[PDB]
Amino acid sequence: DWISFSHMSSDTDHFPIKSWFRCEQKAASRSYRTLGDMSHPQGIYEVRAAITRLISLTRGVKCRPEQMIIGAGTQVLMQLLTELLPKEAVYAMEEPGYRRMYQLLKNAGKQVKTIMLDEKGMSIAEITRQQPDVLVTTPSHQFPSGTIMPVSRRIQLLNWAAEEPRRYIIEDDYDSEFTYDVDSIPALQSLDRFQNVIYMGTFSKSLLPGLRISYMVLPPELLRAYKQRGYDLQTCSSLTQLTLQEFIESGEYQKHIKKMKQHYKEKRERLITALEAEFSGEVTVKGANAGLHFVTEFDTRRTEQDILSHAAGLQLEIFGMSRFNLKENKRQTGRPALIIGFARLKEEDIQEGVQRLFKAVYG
């Protein structure tokens, strides 16, 4: 009975789960003799090669498959990365941003500066002033604000990293697969002429988060630091990797993304239109030109926690922007701001969801 405006979930109904299992039988019969065993620690080479081709095609990312590392989550690869990067590196994160990564870095004993955003995303002025060593950025659709970083700002960050040795940018290209605006913008890593960027990718938005498949691409110098480790074991089963590779090479991935691009586009249009009507125009929407969510701000007498406590009662799954407040202070000011995810939201349940949303906002 719940309706879900979650940005963390997907509808199982639009994922071709039967194709996936069919690829799995194919991968299994292809590599039956050795499915049993562990893969190369970075992941199967042929599989790393398929991905390499994919992200070069879609994101213009330039690399050799040996630079790629596959892992069971962005957060296992982020941890590893903190061990490849200089021990005394000062990290910098978007504010607001991904609270888990913030917590991960702190718990690793790192200093994390918090960089505020402007209309173009991560503030280059703040970056220069604070002087961190490594930036963590989400250029395709800033998490959670949704700002698509323009190539002008991408170049600004790439010039910053070039100006001094041992500066790195971690490019978190999370939900970069769908675009409802001018066409794609090549990843920072592709615009880079000096190998200062670590490109991170995941299959959680395109596939299903249940499937724990992610990867990252290392500059050569960090790759040699990884290989010098010797003890690392792969975290994705051999069959999972081969199933993904089969899913992609068969073209099913390409079909799935193209179908979904259209599906999300139209569902996003519907949902917004229904927000503007039900709220009479008295709602502010931001970060809606890409990705699987946007941000909505309301004029109401209620606090964010009131709306959230109430929306929970109306059986509406929804999250407050306060969830993404990195630098702490008792400072909720202005309009309550909520993130509106729509991957998990049914076509049929848009009108009801907006009405439930209205009631939770106003009473």
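Quick note: we count residues from 1 along the sequence shown, nothing fancier.
The mean Cα B-factor in the deposited entry runs higher for 276-284 than for the other of 276-284 and 208-216. The PDB entry records a higher mean C-alpha B factor for 179-187 than for its counterpart among 179-187 and 226-234. Take 58, 42, 52, 322 and read off each C-alpha B-factor from the entry; 58 has the highest. The entry lists a Cα temperature factor for residue 48 that places it in the lowest third of the chain's modelled residues. Among the modelled residues of its chain, residue 129 has a C-alpha B-factor that falls in the highest third according to the deposited record. Compared with the other modelled residues of the chain, the Cα B-factor recorded for residue 88 ranks in the middle third. When the CA B factors of the chain's modelled residues are split into thirds, the value for residue 337 lands in the middle one.
Sort the chain's modelled residues by C-alpha temperature factor and residue 17 lands in the lowest third, per the entry.
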